[PDB]
Amino acid sequence: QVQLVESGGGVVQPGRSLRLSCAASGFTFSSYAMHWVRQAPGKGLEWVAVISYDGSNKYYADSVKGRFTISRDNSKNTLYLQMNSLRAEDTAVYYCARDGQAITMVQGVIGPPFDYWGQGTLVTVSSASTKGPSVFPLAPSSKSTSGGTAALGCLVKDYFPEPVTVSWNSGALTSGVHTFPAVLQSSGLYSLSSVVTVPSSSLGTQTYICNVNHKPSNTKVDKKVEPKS
Amino acid sequence: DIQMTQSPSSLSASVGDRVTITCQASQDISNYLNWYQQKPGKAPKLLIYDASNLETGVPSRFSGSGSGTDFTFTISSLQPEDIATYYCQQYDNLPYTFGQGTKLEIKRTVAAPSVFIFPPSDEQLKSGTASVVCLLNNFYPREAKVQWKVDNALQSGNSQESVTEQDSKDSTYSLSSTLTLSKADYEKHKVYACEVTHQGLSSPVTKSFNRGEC
Amino acid sequence: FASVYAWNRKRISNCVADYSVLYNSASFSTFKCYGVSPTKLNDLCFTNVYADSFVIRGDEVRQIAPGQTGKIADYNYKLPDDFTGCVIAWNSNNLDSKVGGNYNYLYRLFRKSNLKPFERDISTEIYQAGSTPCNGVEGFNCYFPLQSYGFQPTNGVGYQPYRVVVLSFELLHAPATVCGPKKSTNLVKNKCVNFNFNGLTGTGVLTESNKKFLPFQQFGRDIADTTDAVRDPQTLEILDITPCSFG
Ligand SMILES: *[C@@H]1O[C@H](CO)[C@@H](O)[C@H](O)[C@H]1NC(C)=O
């Protein structure tokens, strides 16, 4: 039925070039329109580009022009966005959606616009490689202790390849375990810290080992957190 | 041809209420638009074509009002699985502008944070840098302030925060602020303090340590 | 049918209109009456009835009403704010929608100013959105003003074509005109009865006559001026009117 799949995004340096892929399924592809829409992470949506039923009607946006181009395959139900002259600023997640209501574009008005069956992101940093993650244990302390509970955690910092995970005791503790959103430094590398609270009677008593796994690389390290010396 | 829309962004209410979002449109009157919801960690979703007339599947708690230059989304009878963003797209030209979004948040009883400060680990001081973490645990009003102080000097421009999604169990937030220094500059001061301000605190709480005191 | 941007306009005139065959036909998906509720149409008379005809989408039938806005009511077809007639609409997916798209049903989507009620505009000048003059060629901010519904048989309801007819009863200042139909019963002769002969209201016994009324007269009167004969329409046969029996 009607659903879309997307691929072709990743990590590349600025100034380079990349083409995307927006494929269709179900419906007749060569009758509809196809949109391109994006959002920088933590910002709002923004319409990027559009083309008719392969009728060469772009009508690009501001700045975008002269850097982007649209190419759809009506015979294979796919669509490609190729961008050149990157800015190290158009790193985002990207979506393609169908339209049937434009004016100088697709013949006849049909159905609702923007049915939104896409996904797919693209990183444009200078990290290139997968800067391994450096781990420290943040010890439980009386400055973190209050009454019945005290908090301890693990700080995993300085890595580029965004998807990284830290578990507690091989996935055992689910109470109080809270991993905070990674932060992007000026150096260009990410960093985060995951913390969990545990009864203050149990400072060192049981096992609290953070399991750090970095999937783009192959890093796997277990770090124990104990009260301060 | 340049147009833009507005929104009363970042609202908050409780279960079983009525909300309103007003997308006022720019000059050059238009003709109906749309209303999208976006659960984070996923793709957006259509809810109402131009003006009104929702689609299928929608649980029919939604309504628009399209009369020229000022449209109002109106949801009646809130439901505990309908908190997301809400961006409205306006069409009828070359550049299809958008709104700004509207973050939604439930209502919970004022809860003060547990605060905790962590000094840098000895392993990191070998490497030549010092991260000083300060944690704020569970808390409704997210409008919390984290003031770092080093030897009683308020520190500006060497910290970063992040905050968790509102907790599905107790509807609280948690916040982590990281202060980053060089080993050299770290070793130049003594007291590291983290002063948290929050509505559930009658006066701010400071957690602090003294560099080099077991 | 006729497009939505150039609707038709038939001026129904002196006739016998039976809005009951309309009202009860149950084939209409929408039958709203505004100036006058529907059942009392076959009991009133006006000067002129106009009938306008066109074809729109399915969910655009709510802009054919007094006091609405939208691309249809703004500049395609505007109804005055004290409308009097009725609006009728029915789905026509099988007639007007054809596989591959029926691109012969257009509508206007740009105009300088909203229409006056019952005003019509079939021009085809290149619209000019921005300040730059257009000089009869397309381009940015220079748009062709007509779009076409591409109707297709596999469209969800609310995108299938609906045919619409707007009846508008008007009353200028003439002497009369078309109106509902009349209903006559049987002729019961030989009984004190309460009768009405197209206006003549009376009481009495009716009897076959043998008087020869002219070729244009209606009834007969007697000295001292009382109605004593009538002519029946359905048949046209002299009949006497004898007072009842009192004493
Ligand atoms: C009236 O109609 C009947 C048929 O129903 C016909 O026989 C008769 O001649 C007609 N008379 C007049 C005056 O039209």
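No lab work stands behind these numbers, since they all come straight from the coordinates. Virtual Cβ from ideal backbone geometry, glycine too; neighbours counted across all protein chains shown.
Some observations on this one:
- When the Cα convex hull of region B:114-210 is projected onto planes of every orientation, the mean area is 6.6 nm².
- Whole-number D in µm²/s for region C:84-164 (Stokes-Einstein; Kirkwood sum over Cα pairs; 10 °C, 1.306 mPa s): 104
- Per residue, the convex hull around the alpha carbon atoms of region A:5-122 comes to 104 Å³.
- Student exercise, the protein assembly as shown dipole from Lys, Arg, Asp, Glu Cβ charges, in Debye to nearest 20: 1000
- Semi-axis lengths, Å, chain A, gyration tensor of Cα atoms, sqrt of 5 times eigenvalues: 47, 19, 14
- Percentage, to the nearest whole number, of Cα pairs in chain C over 30 Å apart: 50
- Between amide H atoms placed 1.01 Å from N, distances below 5 Å from B:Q89 occur with B:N34, B:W35, B:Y36, all of them 5 or more places distant or on a separate chain.
- Computed from backbone phi, the HN-Hα couplings of region B:147-164 come to 9, 7, 9, 10, 6, 6, 9, 5, 9, 10, x, 10, 10, 9, 10, 8, 9, 8 Hz, rounded to whole numbers (Karplus: 6.51 cos²θ - 1.76 cosθ + 1.60, θ = phi - 60°; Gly and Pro given as x).
- Among B:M4, A:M83, A:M34, the ranking by other beta carbons within 10 Å of each residue's beta carbon, starting with the fewest, stands as B:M4, A:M83, A:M34.
- Region A:187-219 versus region A:11-82: alpha-carbon centroid distance in Å: 40
- Each of B:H198, A:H35, A:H178 has some number of other Cβ atoms within 10 Å of its Cβ, and from fewest to most they run A:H178, B:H198, A:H35.
- Whole-Hz ³J(HN,Hα) from phi, Karplus 6.51 cos²θ - 1.76 cosθ + 1.60, for region C:218-230, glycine and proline x: 10, 10, x, 10, 10, 4, 6, 6, 10, 4, 10, 9, 9
- Cα-based Kirkwood hydrodynamic radius, chain B, one decimal, Å: 20.5
- Among the listed pairs A:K157/B:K183; A:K143/B:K126; B:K149/B:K207, a Cα-Cα separation exceeding 20 Å is found for A:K143/B:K126.
- Under 14 Å, Cβ to Cβ, from C:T39 - net charge with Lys/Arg +1 and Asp/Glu -1: 0
- Counted by Cβ distance under 10 Å from C:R9, the other residues give a net charge of +2, where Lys and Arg count +1 and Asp and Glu count -1.
- Radius, Kirkwood style, for region B:11-105 when every pair of distinct Cα atoms is counted (Å): 13.8
- Which of C:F46, C:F1, C:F216 has the fewest Cβ neighbours within 10 Å, and the rest in rising order: C:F216, C:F1, C:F46
- Its Cα centre serving as origin, region B:11-105 has a Cβ charge dipole (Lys and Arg +1, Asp and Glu -1) of approximately 280 debye.
- Highest-MSF residue in chain A out of A:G118, A:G148, A:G15 [GNM, Cα springs under 10 Å]: A:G148
- Each eigenvalue of the Cα gyration tensor of the protein assembly as shown, multiplied by 5 and square-rooted, gives one semi-axis; in descending order these are 78, 31, 20 Å.
- Cα pair distances of region A:134-224 binned at 10 Å [whole percent]: 17, 48, 26, 8, 0
- Applied to region C:8-25, the Karplus parametrisation 6.51 cos²θ - 1.76 cosθ + 1.60 on θ = phi - 60° returns per-residue 3J(HN,Hα) values of 8, 7, 9, 9, 4, 9, 3, 5, 10, 9, 10, 5, 6, 4, 6, 4, 9, 6 Hz, with x for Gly and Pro.
- Magnitude of the charge dipole for region B:114-210, about its Cα centre and with charges confined to Cβ atoms of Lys, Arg (+1) and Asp, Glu (-1), is about 200 debye.
- Its Kirkwood hydrodynamic radius, worked out from the mean inverse distance over all distinct Cα pairs, puts region B:73-145 at 17.4 Å.
- Rg/Rg_globular for region A:1-66, with Rg_globular taken as 2.2 N^0.38 Å and Rg from C-alpha atoms: 1.29
- Efficiency of FRET from Cβ geometry, B:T22 and B:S156, R₀ 35 Å, rounded to 0.05: 0.45
- Annotation: amide H of B:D70 within the under-5 Å range of B:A25, sequence separation 5 or more or interchain, hydrogens built in the peptide plane.
- Rounded FRET efficiency, nearest 0.05, which uses the C-beta distance separating A:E226 from B:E105 and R0 of 35 Å: 0.40
- Taking 27 Å as the straight-line reach from the Cα of C:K71, the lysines in range (excluding those fewer than 8 positions away in the same chain) are A:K58, B:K45, C:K10, C:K32, C:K98, C:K112, C:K116.
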